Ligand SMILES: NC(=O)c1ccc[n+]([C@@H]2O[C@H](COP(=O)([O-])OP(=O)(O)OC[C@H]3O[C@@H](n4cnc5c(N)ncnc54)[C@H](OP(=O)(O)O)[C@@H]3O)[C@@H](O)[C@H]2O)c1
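Presented below, as structure tokens, is a lone chain in the form solved without the named molecule.
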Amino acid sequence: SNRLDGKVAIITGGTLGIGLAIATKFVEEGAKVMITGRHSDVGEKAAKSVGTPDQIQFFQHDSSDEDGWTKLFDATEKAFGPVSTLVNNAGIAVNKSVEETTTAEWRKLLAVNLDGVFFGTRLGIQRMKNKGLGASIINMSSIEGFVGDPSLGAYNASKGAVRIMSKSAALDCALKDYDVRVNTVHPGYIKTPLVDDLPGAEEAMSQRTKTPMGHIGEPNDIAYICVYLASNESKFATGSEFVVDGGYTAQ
């Protein structure tokens, strides 16, 4: 409690799954939060299920939309005050090998997973620098930003891109005394509704040859590391990768 007092956060794709868990924990720890998503009926219900409008609101936004990012920041500033924290969580996956990836699939996945993160990071630096906010940008990568998967070619590309681009941002902000930190979070397999809609997926992911703990994680596992990174507790951490994967990348 109170670990995020005074912070104002934007969480993209925060209406379901991991994003929603992060939003929930952020509000519990004193942050004011704006969550984004594509469908207003879902977003408005999600916000209300967490708290009141003085605590959390919803903004309809596709992270691939460059102009919408501006409106998103202006809207959050109008509701809560200067933004201190950005969690770039929205993302999509295609289940194809590099060999079988269509150009259309390639471009659509990179629009959300890479362009989107770039647009949010760029703008976040511009709006949060030099304001004494103890600002923090948390970019969601994945274990797929460390290792390959034969059936996630484009996704691998996007997550590898986010991992290193984030280091460039971290360094520039640090060297210029911007008071903005940038770090990546790398979840392993996490139980989300999606996973539940895919019979046999959880069991395959839980095999010891994949996840040594023999079970997959839950959204709160990612929420707690995000609280640490958004908080002033992590004031000396920037340009780093934080992995929560049940041992997946240790073998």
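All residue numbers refer to positions in the sequence shown, first residue = 1.
In what follows, reference is made to the form deposited with the named molecule bound, a form of this protein that is not presented.
Trainee: Out of the stretches listed (126 to 134, 161 to 169, 87 to 95, 73 to 81), which one is close to the named molecule in the deposited bound form, meaning heavy atoms within 4.5 Å?
Mentor: Answer to the contact question: 87 to 95.
Trainee: Each of 24, 180 and 228 having a non-hydrogen atom within 4.5 Å of the named molecule in the deposited bound form: is that the case here?
Mentor: Negative, none of the three is within 4.5 Å.
Trainee: Any chance residue 173 has a heavy atom within 4.5 Å of the named molecule in the deposited bound form?
Mentor: Result no; residue 173 lies far from the named molecule in the deposited bound form.
Trainee: Can you tell me whether residue 56 touches the named molecule? I mean in the deposited bound form, with a 4.5 angstroms heavy atom cut-off.
Mentor: No.
Trainee: In the deposited bound form, does residue 192 have a heavy atom within 4.5 Å of the named molecule?
Mentor: The answer is yes: residue 192 has a heavy atom within 4.5 Å of the named molecule.
Trainee: Wondering, does residue 140 line up within 4.5 Å of the named molecule in the deposited bound form on heavy atoms?
Mentor: Yes.
Trainee: Going through 1 to 36, which residues have a heavy atom within 4.5 Å of the named molecule in the deposited bound form? Please give them in sequence order.
Mentor: Residues within 4.5 Å: 13, 14, 15, 16, 17, 18, 19, 36.
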